[PDB]
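**Q** For what it's worth, the authors' numbering labels the leading residue of the sequence shown as 1, then goes sequentially.
Note that CB positions come from ideal geometry on N, CA and C, so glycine has one too.
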Amino acid sequence: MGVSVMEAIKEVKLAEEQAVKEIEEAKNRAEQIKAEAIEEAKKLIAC
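(1) In chain order, what residues of the same chain have a beta carbon less than 8 Å from the beta carbon of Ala15, not counting five sequence neighbours either side?
(2) Hey, could you find the ends of the alpha helix (DSSP H) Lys10 is sitting in?
(3) Check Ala37 in the structure and name its three-state DSSP category.
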């Protein structure tokens, strides 16, 4: 198709941001469940 200069044109490595954002969600979804345990503290929290 074309040329692989994603790094040549810019050494920002923005592409990496896609690998961290794609894997990060994996962990976040894990807290969605554990959060249930914290949802209780909401009813009564020590301010």
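**A** Taking the definition as stated:
(1) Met6
(2) Premise fails: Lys10 is in no alpha helix (DSSP H) and is neither H nor E.
(3) helix
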